[PDB]
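Asker: sequence, then structure. It's an experimental one.
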Amino acid sequence: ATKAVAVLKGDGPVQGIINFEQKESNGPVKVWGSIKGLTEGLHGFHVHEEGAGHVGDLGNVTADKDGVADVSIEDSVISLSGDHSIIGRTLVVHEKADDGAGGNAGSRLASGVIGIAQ
C-alpha cells in the first residue's frame with residue numbers, strides 16, 4: 001500500500017484515528033492523526049503483529065491537558081509494503097509511557113487494525 005488508516009477504540013474513553021502514508025517503497029512512513037480520552041502526558045504507542053511475541057515501537061504520544069494527543073511523525077523503520085508491511089497489524093495505545101521494544105507500557109487503552117486505504 002501507499003496509505004493506511006487505523007481506527008482506535010477501547011472499552012473505556014480512549015479513541016482516535018491514525019493515518020499512514022508512504023510515497024516510496026523503501027522510504028519513510030508519515031504517521032499522523034489524533035487520539036482523545038487520555039491522561040495528560042506520555043503514552044506508549046506500538047504496532048503488534050497477531051501472534052508475534054515481538055512489537056514495533058513507535059515511541060510515545062503526548063496528550064495535552066484536555067486528553068488529546070495530536071500525532072505527526074516520520075518513521076523509517078516500518079513500511080506499508082513488502083515482506084514486513086504493517087498492513088493488517090494492530091496499532092495499540094498504552095496506559096503509561098513506553099519502556100522499550102520489549103518493556104512494559106502498562107495495559108492497552110485502545111487498539112485498531114491498520115487497514116489499507118490506498
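Answerer: Noted; the coordinates are in hand. Residues are numbered from 1 along each chain as shown.
Asker: please name the residues that touch the residue nearest the centre of the chain.
Answerer: With distances taken as C-alpha atoms, centre = their mean, the residue of the chain nearest its centroid is residue 91 (4.4 Å). By C-beta atoms under 8 Å, 6 or more residues apart in numbering, residue 91 lies in contact with 6, 8, 18, 45, 46, 47, 48, 111, 112, 113, 114. Every C-beta, even on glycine, is put in place using the N, C-alpha and C of the backbone.
Asker: what are the buried residues along stretch 74-85?
Answerer: By neighbour count on 16 or more other C-beta atoms under 10 Å, the buried set for stretch 74-85 is 75, 78, 79, 80, 85.
Asker: stretch 84-100 too?
Answerer: In stretch 84-100, counting by 16+ other C-beta under 10 Å, buried: 85, 86, 89, 90, 91, 92, 93, 94, 96, 97, 98.
Asker: save those residues as CSV, and put in secondary structure too.
Answerer: What follows is the buried residues of stretch 84-100, written out as CSV (DSSP: H, G, I helix; E, B strand; the rest coil):
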residue, secondary structure
85, coil
86, coil
89, coil
90, strand
91, strand
92, strand
93, strand
94, strand
96, coil
97, coil
98, coil
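Asker: tell me the one of the residues you listed nearest residue 59?
Answerer: For the buried residues of stretch 84-100, the minimum distance to residue 59 (C-beta to C-beta) is 6.0 Å, reached by residue 98.
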